[PDB]
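Heads up: the structure comes next, in structure tokens.
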Amino acid sequence: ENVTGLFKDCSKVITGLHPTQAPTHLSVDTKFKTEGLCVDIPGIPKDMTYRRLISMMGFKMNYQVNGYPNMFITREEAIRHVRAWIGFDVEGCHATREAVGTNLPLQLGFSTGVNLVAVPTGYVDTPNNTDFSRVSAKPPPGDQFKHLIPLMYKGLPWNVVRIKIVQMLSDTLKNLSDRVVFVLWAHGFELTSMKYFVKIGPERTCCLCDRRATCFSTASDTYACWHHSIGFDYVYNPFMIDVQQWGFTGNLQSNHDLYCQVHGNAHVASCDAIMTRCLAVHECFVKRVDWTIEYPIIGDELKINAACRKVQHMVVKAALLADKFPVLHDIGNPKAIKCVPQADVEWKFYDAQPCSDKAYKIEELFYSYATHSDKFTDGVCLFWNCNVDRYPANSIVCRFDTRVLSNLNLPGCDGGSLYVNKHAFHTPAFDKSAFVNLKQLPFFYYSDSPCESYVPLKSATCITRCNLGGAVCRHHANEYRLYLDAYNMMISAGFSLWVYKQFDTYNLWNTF
Amino acid sequence: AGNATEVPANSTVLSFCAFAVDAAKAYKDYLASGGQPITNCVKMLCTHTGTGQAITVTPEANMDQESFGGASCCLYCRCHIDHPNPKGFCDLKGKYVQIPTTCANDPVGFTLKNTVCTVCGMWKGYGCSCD
RNA sequence: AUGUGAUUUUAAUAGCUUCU
RNA sequence: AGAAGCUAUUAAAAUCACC
Ligand SMILES: [Ca+2]
Ligand SMILES: [Ca+2]
Ligand SMILES: [Zn+2]
Ligand SMILES: [Zn+2]
Ligand SMILES: [Zn+2]
Ligand SMILES: [Zn+2]
Ligand SMILES: [Zn+2]
């Protein structure tokens with residue numbers, strides 16, 4: 001055989017091409033082809049007016065060059081860039097008049113939620129150049145595709161839908177990352193649709209800047225980072241990844257709909273690229289959090305984690321010292337790191353799975369409500385960052401509220417979201433039905449540190465012996481304001497604390 | 001539908017050169033680092049006895065040269081991107097190209113690096129006698 | 001007046017080899 | 001002249017994905 005679908009001439013002219021103005025030997029007509037070496041017949045002249053729609057279908061980016069990065073990546077280098085995933089699915093239209101045989105791209109769709117229709121435009125090989133221009137097309141046949149019937153009567157030329165892909169990518173990935181990982185399901189028509197807006201080249205650096213160069217400008221032959229790309233039309237080096245080569249057998253809607261019941265309305269581009277990114281977040285993160293892959297520091301990563309550690313250190317000691325629990329359980333704590341070491345409770349580590357150490361004899365147990373509703377009755381069970389469907393009636397829960405969108409909280413599978421902060425936590429959907437045995441937590445600060453000797457602050461929330469009197473000391477006012485800052489920055493970050501029913505803030509007062 | 005043009009040996013060089021901001025530099029870098037030249041060029045069965053010229057309407061091949069079809073040596077014509085020539089017209093497409101036979105296993109890499117002497121129409125340095 | 005492919009089959013058409 | 005096996009050229013069908 002030894003043929004490829006690439007650059008396949010899709011005209012319906014019966015004749016071939018002249019010896020010149022023919023790209024390869026296989027495209028010359030039979031009148032000239034003799035023993036693999038074409039002959040110049042002076043009688044037959046060459047065509048001077050003709051148009052042939054070249055088919056840009058079947059690109060194979062398996063090149064290995066020294067300076068040039070590879071497009072396709074291995075799934076140990078795509079999990080390290082998870083802030084830069086943008087799903088991609090393209091719906092096509094077939095060329096019907098004066099050209100047959102190629103699927104021109106009609107509708108581009110991203111995980112951002114933006115459908116960009118384009119006019120059908122193909123590479124027409126004129127006598128003097130390759131005239132990138134509009135070809136005639138028909139939308140696909142059948143009642144499966146009927147919402148592409150109006151789209152061919154609208155759209156934009158490919159010099160405005162090349163700048164509304166670099167005005168959308170640049171506004172999505174401005175703060176997440178400095179590259180783009182195009183998660184594609186097909187690995188075919190998408191590459192065909194990336195001839196139009198992608199130019200790979202040597203590894204470059206932004207003009208008058210320092211970030212990686214990810215946007216090309218054809219008018220002024222320069223490069224840009226994601227912040228300075230206003231008016232720049234060609235996407236510089238992307239990375240892509242094919243989800244069907246991860247061992248999937250079947251349609252897309254018969255492999256997404258086994259994990260997620262929130263997305264739908266398939267064979268629309270934004271709902272093929274959302275299922276394509278949903279399934280690819282599932283196949284990498286929903287199994288278990290991977291503690292080996294660190295992540296860069298986008299912003300507020302140091303303060304949020306230390307504030308969470310501060311409030312988790314605070315609330316547990318308060319509930320333990322207030323209610324005098326004999327034993328305290330723990331669930332989902334991967335290592336054994338005692339949050340409050342100066343305590344009397346016995347820290348039974350009912351971990352999910354043993355993680356890289358047995359020095360502290362961490363127990364192995366998975367939690368589900370209908371399974372373990374009557375297993376733990378003694379004490380209180382610290383479900384810090386646990387993912388169980390429903391929590392028991394005695395617990396101190398901190399669950400990430402997955403309806404808040406930020407540069408940390410990437411969207412994820414089954415309405416739950418991917419909270420990528422120095423690690424990747426795939427928290428499931430935040431439903432109210434999980435908290436039917438719990439209540440919210442009031443805001444308060446409690447410390448046993450003796451008072452040492454500025455604006456006077458009067459708040460009944462703070463629990464110290466100085467604020468119980470008339471004068472509030474300066475050895476507790478800065479403590480209360482720092483704790484309030486940590487608490488409000490955490491709640492703004494998206495966590496949500498929950499506590500058992502019998503939590504009484506007045507039980508803490510009689511301890512003094 | 002359609003009449004196939006390429007072979008799977010050239011696809012890995014065509015794809016990588018289809019996406020490039022500069023088509024000439026990328027082929028040279030492919031050639032340096034473990035790269036097989038572009039096969040399937042169009043070759044002319046000339047009488048192979050003729051006066052030498054770089055680009056002609058009829059194949060004029062000297063005994064130390066091979067005349068190829070000028071559409072399979074221009075890399076820009078060959079990847080279907082826009083020529084960098086002013087007026088956006090390929091110079092080589094339509095006319096019969098000539099490549100010295102010592103380097104005519106890879107025509108496209110000859111027409112990217114070399115140039116044509118303006119006063120005598122020969123390949124400069126390859127038989128151009130302009131001392 | 002036939003959308004891209006890939007993998008199977010099933011027919012024919014070319015060779016290459018063996019046997020009758 | 002046929003059979004058997006192998007590799008290829010074309011055509012039809014089946015299954016699968018993309019549309
Ligand atoms: Ca697709
Ligand atoms: Ca699709
Ligand atoms: Zn910049
Ligand atoms: Zn989904
Ligand atoms: Zn004090
Ligand atoms: Zn050219
Ligand atoms: Zn000269």
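Numbering starts fresh at 1 for the residues of each chain in the structure tokens, the chains themselves are lettered A, B, ... in the order given, and ligands are numbered from 1 as they appear.
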Just the residues within 6 Å of range 56-67 of chain A, please, counting only C-alpha atoms (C1' of nucleotides), with nothing from its chain fewer than 6 positions along; format it as an mmCIF file with C-alpha atoms, in the first residue's frame.
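The file below, result.cif, is the result:
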```
data_model
loop_
_atom_site.group_PDB
_atom_site.id
_atom_site.type_symbol
_atom_site.label_atom_id
_atom_site.label_comp_id
_atom_site.auth_asym_id
_atom_site.auth_seq_id
_atom_site.Cartn_x
_atom_site.Cartn_y
_atom_site.Cartn_z
ATOM 1 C CA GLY A 5 -4.637 10.116 3.882
ATOM 2 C CA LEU A 6 -2.521 13.246 4.243
ATOM 3 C CA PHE A 7 -2.717 15.956 1.569
ATOM 4 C CA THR A 192 -6.795 18.596 11.232
ATOM 5 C CA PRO A 202 11.728 26.315 18.457
ATOM 6 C CA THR B 12 6.696 12.571 9.876
ATOM 7 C CA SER B 15 3.507 17.043 9.634
#
```
Taking only C-alpha atoms and all ligand atoms into account, produce a table as JSON lines in which each residue of chain A with an atom at most 10 Å from an atom of ligand 5 appears once, together with its shortest atom pair and the distance in Å to one decimal, ordered by chain and rising number.
```
{"residue": "A:447", "atom": "CA", "partner": "ligand 5", "partner_atom_place_in_ligand_line": "1 (Zn)", "distance": 9.5}
{"residue": "A:448", "atom": "CA", "partner": "ligand 5", "partner_atom_place_in_ligand_line": "1 (Zn)", "distance": 9.7}
{"residue": "A:449", "atom": "CA", "partner": "ligand 5", "partner_atom_place_in_ligand_line": "1 (Zn)", "distance": 7.8}
{"residue": "A:450", "atom": "CA", "partner": "ligand 5", "partner_atom_place_in_ligand_line": "1 (Zn)", "distance": 6.4}
{"residue": "A:451", "atom": "CA", "partner": "ligand 5", "partner_atom_place_in_ligand_line": "1 (Zn)", "distance": 3.4}
{"residue": "A:452", "atom": "CA", "partner": "ligand 5", "partner_atom_place_in_ligand_line": "1 (Zn)", "distance": 5.7}
{"residue": "A:453", "atom": "CA", "partner": "ligand 5", "partner_atom_place_in_ligand_line": "1 (Zn)", "distance": 7.3}
{"residue": "A:464", "atom": "CA", "partner": "ligand 5", "partner_atom_place_in_ligand_line": "1 (Zn)", "distance": 6.6}
{"residue": "A:465", "atom": "CA", "partner": "ligand 5", "partner_atom_place_in_ligand_line": "1 (Zn)", "distance": 6.8}
{"residue": "A:466", "atom": "CA", "partner": "ligand 5", "partner_atom_place_in_ligand_line": "1 (Zn)", "distance": 4.8}
{"residue": "A:467", "atom": "CA", "partner": "ligand 5", "partner_atom_place_in_ligand_line": "1 (Zn)", "distance": 7.4}
{"residue": "A:468", "atom": "CA", "partner": "ligand 5", "partner_atom_place_in_ligand_line": "1 (Zn)", "distance": 9.9}
{"residue": "A:471", "atom": "CA", "partner": "ligand 5", "partner_atom_place_in_ligand_line": "1 (Zn)", "distance": 9.3}
{"residue": "A:472", "atom": "CA", "partner": "ligand 5", "partner_atom_place_in_ligand_line": "1 (Zn)", "distance": 6.7}
{"residue": "A:473", "atom": "CA", "partner": "ligand 5", "partner_atom_place_in_ligand_line": "1 (Zn)", "distance": 4.6}
{"residue": "A:474", "atom": "CA", "partner": "ligand 5", "partner_atom_place_in_ligand_line": "1 (Zn)", "distance": 6.4}
{"residue": "A:475", "atom": "CA", "partner": "ligand 5", "partner_atom_place_in_ligand_line": "1 (Zn)", "distance": 4.7}
{"residue": "A:476", "atom": "CA", "partner": "ligand 5", "partner_atom_place_in_ligand_line": "1 (Zn)", "distance": 4.5}
{"residue": "A:477", "atom": "CA", "partner": "ligand 5", "partner_atom_place_in_ligand_line": "1 (Zn)", "distance": 7.6}
{"residue": "A:478", "atom": "CA", "partner": "ligand 5", "partner_atom_place_in_ligand_line": "1 (Zn)", "distance": 9.9}
{"residue": "A:479", "atom": "CA", "partner": "ligand 5", "partner_atom_place_in_ligand_line": "1 (Zn)", "distance": 9.2}
```
For the strand (DSSP E or B) assignment from backbone DSSP, which residues of range 45-112 of chain B qualify? Please present them as a short mmCIF file (atom, residue, chain, number, x, y, z; two decimals) with N, CA, C and O atoms, in the first residue's frame.
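The new file result04.cif reads:
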```
data_model
loop_
_atom_site.label_atom_id
_atom_site.label_comp_id
_atom_site.auth_asym_id
_atom_site.auth_seq_id
_atom_site.Cartn_x
_atom_site.Cartn_y
_atom_site.Cartn_z
N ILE B 55 16.55 27.11 -13.51
CA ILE B 55 15.10 27.04 -13.64
C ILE B 55 14.74 27.28 -15.10
O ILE B 55 15.06 28.34 -15.66
N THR B 56 14.10 26.31 -15.74
CA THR B 56 13.75 26.50 -17.14
C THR B 56 12.36 25.91 -17.39
O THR B 56 11.88 25.07 -16.62
N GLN B 65 24.07 16.96 -13.61
CA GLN B 65 22.86 17.49 -12.96
C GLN B 65 21.67 16.57 -13.21
O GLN B 65 21.71 15.69 -14.07
N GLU B 66 20.62 16.76 -12.42
CA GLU B 66 19.34 16.09 -12.57
C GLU B 66 18.22 17.11 -12.49
O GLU B 66 18.17 17.92 -11.57
N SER B 67 17.31 17.06 -13.46
CA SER B 67 16.23 18.04 -13.55
C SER B 67 15.00 17.47 -12.88
O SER B 67 14.48 16.43 -13.30
N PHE B 68 14.57 18.11 -11.79
CA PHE B 68 13.37 17.74 -11.07
C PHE B 68 12.25 18.71 -11.41
O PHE B 68 12.49 19.85 -11.85
N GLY B 69 11.01 18.26 -11.18
CA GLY B 69 9.87 19.14 -11.31
C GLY B 69 9.81 20.16 -10.20
O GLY B 69 9.93 19.80 -9.02
N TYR B 96 10.78 23.74 -14.77
CA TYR B 96 11.45 22.49 -14.41
C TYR B 96 12.72 22.85 -13.65
O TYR B 96 13.51 23.63 -14.20
N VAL B 97 12.87 22.36 -12.41
CA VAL B 97 14.05 22.73 -11.57
C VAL B 97 15.26 21.86 -11.90
O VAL B 97 15.11 20.90 -12.65
N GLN B 98 16.45 22.27 -11.47
CA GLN B 98 17.67 21.48 -11.70
C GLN B 98 18.42 21.37 -10.39
O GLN B 98 18.50 22.38 -9.72
N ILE B 99 18.96 20.21 -10.05
CA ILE B 99 19.70 19.95 -8.82
C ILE B 99 20.95 19.16 -9.19
O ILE B 99 20.86 18.17 -9.93
N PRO B 100 22.13 19.57 -8.74
CA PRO B 100 23.35 18.79 -8.97
C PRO B 100 23.25 17.37 -8.43
O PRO B 100 22.78 17.14 -7.32
#
```
How close does chain A get to chain B? List, as a Markdown table, each residue of chain A within 8 Å, its nearest atom pair and the distance in Å to one decimal, counting only C-alpha atoms.
```
| residue | atom | partner | partner_atom | distance |
| --- | --- | --- | --- | --- |
| A:2 | CA | B:7 | CA | 5.4 |
| A:3 | CA | B:7 | CA | 4.6 |
| A:4 | CA | B:7 | CA | 5.7 |
| A:5 | CA | B:4 | CA | 6.5 |
| A:6 | CA | B:6 | CA | 6.6 |
| A:7 | CA | B:5 | CA | 6.6 |
| A:8 | CA | B:4 | CA | 4.8 |
| A:9 | CA | B:2 | CA | 5.4 |
| A:10 | CA | B:2 | CA | 4.7 |
| A:11 | CA | B:2 | CA | 6.7 |
| A:12 | CA | B:2 | CA | 7.6 |
| A:19 | CA | B:69 | CA | 6.3 |
| A:20 | CA | B:69 | CA | 4.9 |
| A:21 | CA | B:71 | CA | 5.0 |
| A:22 | CA | B:71 | CA | 5.7 |
| A:23 | CA | B:72 | CA | 5.1 |
| A:24 | CA | B:41 | CA | 5.8 |
| A:25 | CA | B:42 | CA | 5.1 |
| A:26 | CA | B:5 | CA | 5.1 |
| A:27 | CA | B:5 | CA | 5.5 |
| A:37 | CA | B:43 | CA | 5.6 |
| A:38 | CA | B:44 | CA | 5.1 |
| A:39 | CA | B:45 | CA | 5.3 |
| A:40 | CA | B:44 | CA | 7.2 |
| A:59 | CA | B:15 | CA | 5.5 |
| A:60 | CA | B:15 | CA | 5.9 |
| A:61 | CA | B:15 | CA | 6.1 |
| A:62 | CA | B:12 | CA | 6.3 |
| A:63 | CA | B:12 | CA | 5.7 |
| A:65 | CA | B:30 | CA | 6.1 |
| A:66 | CA | B:33 | CA | 6.6 |
| A:100 | CA | B:1 | CA | 6.6 |
| A:101 | CA | B:1 | CA | 5.3 |
| A:123 | CA | B:80 | CA | 7.4 |
| A:125 | CA | B:80 | CA | 7.6 |
| A:127 | CA | B:94 | CA | 7.7 |
| A:128 | CA | B:89 | CA | 5.2 |
| A:129 | CA | B:89 | CA | 5.8 |
| A:130 | CA | B:80 | CA | 5.5 |
| A:131 | CA | B:82 | CA | 8.0 |
| A:195 | CA | B:19 | CA | 6.8 |
| A:198 | CA | B:19 | CA | 6.8 |
| A:199 | CA | B:19 | CA | 4.7 |
| A:200 | CA | B:20 | CA | 5.2 |
| A:201 | CA | B:20 | CA | 5.4 |
```
Can you list every residue of range 16-119 of chain A that has an atom at most 7 Å from range 2-14 of chain C, with its nearest atom pair and the distance in Å to one decimal, using only C-alpha atoms (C1' of nucleotides), ordered by chain then number, as a tab-separated table?
```
residue	atom	partner	partner_atom	distance
A:94	CA	C:3	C1'	6.0
A:101	CA	C:3	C1'	6.1
A:102	CA	C:4	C1'	6.7
A:103	CA	C:3	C1'	6.8
```
